[PDB]
Amino acid sequence: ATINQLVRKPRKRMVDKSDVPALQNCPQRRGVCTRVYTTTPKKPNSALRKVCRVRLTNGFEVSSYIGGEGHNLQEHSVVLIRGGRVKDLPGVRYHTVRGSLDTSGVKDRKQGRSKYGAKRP
Amino acid sequence: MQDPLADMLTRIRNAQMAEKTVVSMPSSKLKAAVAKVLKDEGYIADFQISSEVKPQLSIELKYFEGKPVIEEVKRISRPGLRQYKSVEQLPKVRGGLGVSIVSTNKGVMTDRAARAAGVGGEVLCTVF
RNA sequence: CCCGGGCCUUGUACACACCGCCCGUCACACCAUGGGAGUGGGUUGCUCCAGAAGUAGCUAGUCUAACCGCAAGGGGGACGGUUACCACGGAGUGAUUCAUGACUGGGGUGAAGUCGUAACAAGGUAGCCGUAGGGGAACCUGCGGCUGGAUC
RNA sequence: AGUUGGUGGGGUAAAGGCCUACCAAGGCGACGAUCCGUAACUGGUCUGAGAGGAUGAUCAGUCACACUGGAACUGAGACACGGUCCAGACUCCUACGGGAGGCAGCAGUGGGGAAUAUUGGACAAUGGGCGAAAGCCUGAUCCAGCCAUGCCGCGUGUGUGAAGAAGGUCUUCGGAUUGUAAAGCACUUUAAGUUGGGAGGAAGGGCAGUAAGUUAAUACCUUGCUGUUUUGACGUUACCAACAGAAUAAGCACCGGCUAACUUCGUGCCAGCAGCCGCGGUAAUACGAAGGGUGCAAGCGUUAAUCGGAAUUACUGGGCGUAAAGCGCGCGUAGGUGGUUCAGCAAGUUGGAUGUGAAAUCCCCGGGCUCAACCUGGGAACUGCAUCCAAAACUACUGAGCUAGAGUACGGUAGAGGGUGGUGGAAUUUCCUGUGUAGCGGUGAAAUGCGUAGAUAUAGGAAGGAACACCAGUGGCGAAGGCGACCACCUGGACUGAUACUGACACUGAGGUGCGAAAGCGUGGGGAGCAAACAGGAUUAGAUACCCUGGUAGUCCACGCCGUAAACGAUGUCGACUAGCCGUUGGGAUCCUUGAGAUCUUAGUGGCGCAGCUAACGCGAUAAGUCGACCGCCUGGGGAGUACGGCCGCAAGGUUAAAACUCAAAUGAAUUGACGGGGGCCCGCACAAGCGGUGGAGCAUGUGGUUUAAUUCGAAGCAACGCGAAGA
RNA sequence: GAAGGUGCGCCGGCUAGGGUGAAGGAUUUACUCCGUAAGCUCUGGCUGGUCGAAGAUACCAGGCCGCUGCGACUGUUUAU
Ligand SMILES: [Mg+2]
Ligand SMILES: [Mg+2]
Ligand SMILES: [Mg+2]
C-alpha cells in the first residue's frame, strides 16, 4: 500500500485463462465425433443429455453439448463447435452448432429457429 | 517527528473534537506562516508566537454553533509524497468554499490568491 | 435419580433443527496431475574437423591492346598456384524444453457400498498449534504452548 | 579476454577494438547484467468520468526480410524482391554430358482454416522512370467485379374505414383479443423497371499566326496570347424529366427475476432449457407448440476477444484483533524519510519565452456532396523533451549556528535479566537393619502387580537424581523465546535527580546477520520421579484408546545441530495529539517534618469509560481514535503451504514456492429457534411408598402374517390394534 | 587422465630471462661481501621457411563408456 512499496513492485493484474482453451481465440472450430454418448447431470437435475467427444482440427479432444431434441450424429461426423459450457454437465465446456456441416437442425422447430439451425417453413 | 507541519493540523483537529479553546506547540516558519493564512481566512481566531529560545505557537479556536468552524483539515504534501501543482492544477476544496493552502514563491498563501497571482507551488493542506 | 414439561442463563460448525451435522480409511467409476527403468522429437552451449564461391595477402608459373621502349623487352595487368577469413556438412559432450512410459503416489468429483464415530454441547477423554512415536481409518499417546474451552 | 582501456599501424565516405601488434587487468550487473519465452516499433485504435487497462488491422513514419545460408560486384546510393556467384531443399527439361526457377508484386490456383474477393479495364487524372519533344511503360494509381463485413441514408406505402367481417386464441361461455388491424373507398408512388436528356473529373498536345527574350541575324529555340483539330479508363456517369402500377420488397431474438413483455394446449426430473439464480417428478407465465405481446429491423441472435461495471491490484482509489493478510523476535547494509535558526545556490518547484513534439486521427468552429456516413479549411491539442530568462515559500546541496530528538559524565533504586561454581531443606525412589503380621496397591468395581522368601506401615542409617513448598501478587526483569531455593564471582539493560557536556549524531529497514519454547538429532556423561514406544490387566460388539499395573527413548548436564509453535495482545517499529474514574510495581517533588496519610509528576502494569472508530463483537493515553516516516504481508474455497527446482540440514525436515483440475460458494460477527451425556429454579402416579394388575393359564375382541374365490376398505409408536363398527 | 580435441620434425629472423663468472668496487680485516665483459650452461616467447604418406615416426608408452550384484576402502589367503 505504501507508495514506496508500490514503486519497487507495481500492482499486478491477473489474467484469467479462457474457459474455452481448445477453441484458441477463434469463434468456432471444426472437429469430428469420436464417441456419441449420454450422461447424467449433477445433484438437482436428472436427465440424459446428449454429449459427443470431438477431435478438433488443432488436435484437442473435447466433449460438447448437443442441443435441441433429437440428433443425427454418430461416429466419424464432422461438426462445428462453439463456446459456452453446461452447468449441470461436468466437463462439458462447448456447444455443437446445429445446422452446420453434418449436424442437421432440429426437426419441426418453430420458435428460436436460428439458434438451432432450423429452416423457415 | 518527520512531519512537523502535519503535527500542526492534527493538533488542531484533535482539539476541535475535544472542544478545547487554545492549543500550544513548538513554532517554526511554516507553522507560523500557515497560521497566518488560517487567521486571515477566519478559520482560527488568532495566533501568537511566544518569542523565546524555544518558541511555542498558540492558536485560540473558533466555534460558531458549537460545531468547530474547521469541519475537516487534511494534509496533502506529506514528506513521503510531496505534492506540487501548477496554477491551473491547484485543487478546489468543496467547490471553492474551502481553502487549499499552497506554498508558492510569493510566500504561503491560499489557492484563490495563487490563481490570481498566477503562481503554483506545494499544496500543503486543505481546509473546510 | 427415570420420563415429559415450563422459565432464566450458557455453548453450538444444528435450521430437514441431535431421528442434526460431520470426519477418514477401504470397494467401484471418471477426470486432471506428481514420481518413474526408459523411449521419441524441438531448440541450444562448448570443443574441434571442414572449407565451395568470394575478398585480401604472397608469388611454382603461363599469357598479355592502351604506358615506356633500343622496338630485345620493361611497367602494369589477367589467369594459375598458395595462404587468411568463412557458409554447408561432420564429430564428441552437455543443457533445456515438448510428448510418451510398465508401474507407483497423492488430489478432485461422483446416484450411493463397508468399517467405525474423529470434530461441532463439557460432542460424552475440552479443542487446537508445533514436534515425536504408534495404529485399518478418522485418530491415540507423550512434551511444550494457546483459548479460538463448558461448569464454577 | 578483443573482452574493458592505452600506444603504434592498418581500414572506412567518416569517429570508434572496426581490424591488428604490443602493454595494463580491466568492463557490465539486484538501478536486474546474463539466460529463457514471447514480440516488429511508433503516430495511433478500443474501452474508461478520468487516472488507467487492452491493443499495434486499414492509413502514415521508421525498421527488417525476399525459397534457406553466405558472399561480394557495379553503382552517387545495394551487399540489391522481379540483379550476379557458391552451397542446400523442392519443382521441371534433358540426347545423362548438363541446364531452368523463386507470386511475403497484381489477378488466380492447390492446401490449411470458423473465416476474407475478379485469371477485369485504362494510363483519362495524380505521381514515377526514360526522352529535347512527340511519345512508351507503369497490376503505382484511377476505376470497375464479389461479399449486409461495418458505418450511414432510403424504401417495403398514405388517409379513411365497425362489419368491431371471417378464421385463430382465450373464455367467466356473457364476452374479450387478434382489430382500423383486415375487406372496402379514395390516394401518392421515394426506391426498383423502361424511355429520354445530361454536367464535371481535362491539366494538355499537334498545327498556324502574333508579341516578347536571345543572337551579328528578321533564322533556330524559349515564354505569353489568338484561331482550328483532337485526349474520359470508369461510364451504358452523377444528376434531371416522362410512363406504368401499391403494384417488386419483413424478418430475427425474447416474455420467471435480473430485463420491456403471458395465457392455453402436449409432456411429466422424461423430453428438454439454461449467462446466474434455477425450471421440468400429472393444473409448468422458465420444456415443445399455438395465440398474444415485447425489443430490434434488412437486419436479428450465438460464439470468440478487449475494456467497463470490478473501489475485485485501490496513484486517483482497498485492506491486515476475529472475515485473506504484522515476518517468532532483535540488530543492521542499500534505500526511503528526517527537529529548529540565519545566509547563499538554484537541481527539484513555479511563471514566461524559444526550438521541437511529422502528416492523418481525437476535439472546436465552418465549408462541399439532396442529409448522413465521407471529404476538407482553420484552430485547439500532442499533458513530453531541450535551452534561456525571472522567483526563492518548501525540498535537495553548501556554509554557519540552537537544544525540543538522540547520546555521554555522576549518585542511587528495584528486579526469576544472563553466565560460571559451590551450598541447603522438604519429598520421592532404591538399598541395609530393628519391630511387627496378613494383607498392600489400584479402581466405578475389579484385575494385572507387590507380599508368608515377611509386603504395606513404623523407626534408624546410606546413595542418587530432579524440581525449588510458604513468600507469590492481571507482581518483577528480558528484543522475543523465556527467567522462581540461597550464596560468591563475571556481566547486560532499565528506572530515577540535578548539574555538566556533544549538537540531529535520528527513525525505519529489502538483502544480511544474531537469538529463538517444546519435541527431535549427534558425541559424551547422568538417571530419583514422570513417561512417547512397548507389555500385561480391565471396559467395550470391537478398543492398536480413555482407566490400572510396569516401563524404554526422552525429560537432566556439556558441547554441536535444528529453526519450528494458537512463537498470540491472533494487534510491526518509531513520534505527536485527544474527557475522566478506580487499583498496583520502581522512583521523584510538595503538603505532614508528623507518628503517618494526602496532592502532583515519571517509567511500567491492570479494570471501567466520554468522544471517536468498528460489519458487529469490542478498542478506547498499553487505541483497533486523529495523524506522519518506513517496512512486511493479502487479493474467493479446495487443490496446497502441496509438487517441481534452488538454498539450508546428519536426519526429521525447514525455507522459497506453482499449475492442471474442481466448486459456486467458503468466511467473520450477531439474532431467533432447536439441541447439550452445560448450569439455576419449578411441575406432572415422572420418580419414591404402597393398592392391584399385564406378561404365565382358558375364553372374548382387534391387528400383522398365512391361506383363500373373497378372506371388502381404511386406521400404523406414544397420538393404530374391544379403532371407523352405537352390535356381518 | 572422465569423455573428447589441438599442436609436436628440421632450418632460419627477431626477442625475454636463470645460473656461473676476470674485472673492478667494497670489509682494499680475509677460505670475506657486492658485482662482473667474454665464455660455458638452463628455461622460454613471437614469427617465417622447408621435407616426407607419416615428426610422441624406432624401442618405450592408459582402450574407453553405460546399467547392475557382492565386499566400504589399502590389505590377507588354500607353497603346488
Ligand atoms: Mg542378478
Ligand atoms: Mg574387498
Ligand atoms: Mg593353489
Side-chain angles (χ1 to χ4, degrees), chain A residues 1-15 17-21 23-30 39-50 57-58 65 67-70 80-91 94-95 97 100-101 106 108-116 120, chain B residues 1-20 23 25-31 33-34 53-56 73-75 77-87 89 102-109 114 117-122 124:
Chain A
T2 290
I3 206 48
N4 223 61
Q5 296 186 341
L6 289 178
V7 158
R8 326 209 209 81
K9 180 190 90 169
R11 300 263 191 206
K12 56 157 286 280
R13 174 190 271 291
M14 284 312 231
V15 195
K17 267 263 199 253
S18 83
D19 263 301
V20 282
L23 209 59
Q24 300 219 306
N25 272 13
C26 295
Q28 36 258 32
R29 283 328 275 265
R30 162 169 53 108
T39 36
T40 165
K42 277 185 177 174
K43 203 62 73 223
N45 262 263
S46 82
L48 276 198
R49 317 239 175 257
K50 336 326 181 63
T57 33
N58 29 348
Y65 187 26
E69 279 185 26
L80 210 73
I81 68 111
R82 63 169 217 80
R85 22 161 289 161
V86 192
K87 55 157 101 93
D88 64 353
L89 279 170
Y94 307 88
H95 274 75
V97 159
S100 314
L101 327 168
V106 278
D108 298 8
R109 164 142 282 249
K110 308 285 167 227
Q111 288 158 45
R113 319 105 45 80
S114 95
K115 286 188 161 163
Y116 301 59
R120 197 184 160 68
Chain B
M1 194 213 216
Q2 297 193 5
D3 194 1
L5 189 54
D7 197 47
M8 215 201 51
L9 299 316
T10 188
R11 280 208 202 210
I12 291 173
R13 191 190 310 112
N14 297 323
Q16 309 222 84
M17 266 177 309
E19 302 306 72
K20 321 256 281 163
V23 292
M25 86 204 48
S27 35
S28 37
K29 290 170 66 168
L30 229 41
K31 280 180 202 166
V34 170
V53 200
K54 302 187 33 82
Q56 320 320 72
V73 47
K74 147 177 189 133
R75 179 85 142 108
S77 147
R78 52 182 231 238
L81 187 53
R82 298 233 190 250
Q83 177 87 354
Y84 304 116
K85 251 58 198 284
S86 79
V87 201
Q89 267 285 279
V102 175
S103 164
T104 79
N105 203 161
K106 296 157 162 177
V108 320
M109 68 82 108
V119 285
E122 191 175 331
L124 300 174

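Note that these values count all heavy atoms, side chains included, but never hydrogens, waters or copies made by symmetry. Protein chains get the first letters and strands the later ones, always in sequence-line order, with residue 1 at the start of each.
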Short side-chain N/O contact from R82(B) to OP1 or OP2 of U349(D), under 4.0 Å
no
For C630(D), does OP1 or OP2 lie under 4.0 Å from any side-chain N or O of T2(A)?
no
When we call it a touch if two heavy atoms are under 4.0 Å apart, what does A33(B) touch: a base, just sugar-phosphate, or nothing?
nothing
Just to confirm, is there a sub-4.0 Å distance from OP1 or OP2 of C627(D) to any side-chain nitrogen or oxygen of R11(B)?
no
For a quick test of reading the model: is some side-chain N or O of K115(A) closer than 4.0 Å to OP1 or OP2 of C254(D)?
yes
N or O in side chain of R13(B) less than 4.0 angstrom from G625(D) OP1/OP2
no
Atom CG of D88(A) and atom P of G110(C): how far apart are they, to the nearest Å?
14 Å
Residue-phosphate contact under 4.0 Å: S46(A) side-chain N/O, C270(D) OP1/OP2
yes
At under 4.0 Å, does any side-chain N or O of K29(B) touch on OP1 or OP2 of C342(D)?
yes
Looking at paired bases, is it the major or the minor groove that the side chain of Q111(A) comes within 5.0 Å of?
major
Is any side-chain nitrogen or oxygen of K87(A) closer than 4.0 Å to OP1 or OP2 of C276(D)?
yes
Does the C515(D) / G328(D) combination count as a Watson-Crick or G-U wobble pair, both distances under 3.5 Å?
yes
Output field: Watson-Crick/G-U pair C505(D) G405(D), thresh under 3.5 Å
yes
Could you measure the distance from the OG1 atom of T104(B) to the CD atom of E122(B)? Nearest 0.5 Å is fine.
11.5 Å
Answer yes if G281(D) and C225(D) form a Watson-Crick or G-U wobble pair with both distances under 3.5 Å, and no otherwise.
no
Between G80(B) and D7(B), which is nearer to the 5' end of RNA chain D once each is assigned its nearest nucleotide?
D7(B)
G424(D) vs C562(D): Watson-Crick/wobble pairing, cut-off under 3.5 Å
no
Describe the nucleic acid contact of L30(B) in one word from base, sugar-phosphate, nothing, applying a heavy-atom distance below 4.0 Å.
sugar-phosphate
4.5 Å side-chain heavy-atom contact, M8(B) and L30(B)
no
Both distances under 3.5 Å and Watson-Crick or G-U wobble geometry: does that hold for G550(D) with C534(D)?
yes
Locate the shortest heavy-atom distance separating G80(B) from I3(A); write the atom from each residue and the value.
O-CG2, 4.3 Å
With both distances under 3.5 angstrom, what nucleotide forms a Watson-Crick or G-U wobble pair with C723(D)?
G714(D)
Separation of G275(D) P from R85(A) CZ (nearest whole Å)
10 Å
NA contact type, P44(A), heavy-atom cut-off 4.0 Å: base, sugar-phosphate, or nothing?
base
Going by torsion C1'-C2'-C3'-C4' being positive (north) or negative (south), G135(D) has its sugar north
Should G473(D) be called syn or anti, with syn set as within 90° of 0?
syn
Between protein and nucleic acid, restricted to nucleotides 304-307 of chain D and to nitrogen or oxygen atoms under 3.5 Å apart, what atom pairs and distances do you find?
residue: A304(D); atom: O4'; partner: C26(A); partner atom: O; Å: 3.3

Looking at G272(D) opposite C279(D), are both of their pairing distances below 3.5 Å, so that they form a Watson-Crick or G-U wobble pair?
yes
5'-most contact on RNA chain D: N58(A) or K42(A), nearest heavy atom basis?
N58(A)
For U711(D), the sugar region implied by its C1'-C2'-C3'-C4' torsion sign:
south
Given that both distances must come in under 3.5 Å, which nucleotide forms a Watson-Crick or G-U wobble pair with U147(C)?
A126(C)
Using OP1 and OP2 only, check whether a side-chain N or O of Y65(A) sits under 4.0 Å from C273(D).
yes
Please indicate the pucker of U47(D), north or south, going by the torsion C1'-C2'-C3'-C4'.
north
Do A623(D) and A624(D) stack, judged by ring centres under 5.5 Å and ring planes under 30°?
no
Looking at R30(A), I'd like to know whether one of its side-chain N or O atoms comes within less than 4.0 Å of OP1 or OP2 on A114(D).
yes
If only side-chain N and O atoms of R78(B) are considered, is one of them under 4.0 Å from the OP1 or OP2 phosphate oxygen of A629(D)?
yes
For the adjacent nucleotides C600(D) and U601(D), are both criteria met: ring-centre separation under 5.5 Å and interplanar angle under 30°?
yes
Looking at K50(A), does any N or O in its side chain come under 4.0 Å of the phosphate oxygens OP1/OP2 on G272(D)?
yes
Once you look at the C1'-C2'-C3'-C4' sign, would you call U248(D) north or south?
north
For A114(D) and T57(A) - does any side-chain N or O of the residue sit under 4.0 Å from the phosphate oxygens OP1/OP2?
yes
Measuring from atom CZ of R29(A) to atom CG of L80(A), what distance do you get when rounded to the nearest 0.5 angstrom?
9.5 Å
Heavy atoms under 4.0 Å, any strand shown: does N4(A) hit a base, just sugar-phosphate, or nothing?
sugar-phosphate
For nucleotides 503-511 of chain D, which of its nitrogen or oxygen atoms have a protein nitrogen or oxygen under 3.5 Å away, and what is each distance?
residue: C507(D); atom: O2; partner: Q2(B); partner atom: NE2; Å: 3.3

Below 3.5 Å, does any donor atom in the side chain of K110(A) face an acceptor in the base of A289(D), or the other way round?
no
Under the convention that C1'-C2'-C3'-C4' above zero is north and below zero is south, what is the pucker of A311(D)?
south
Quick check against the 3.5 Å criterion: does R109(A) have a side-chain atom that pairs as donor or acceptor with the backbone of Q111(A)?
yes
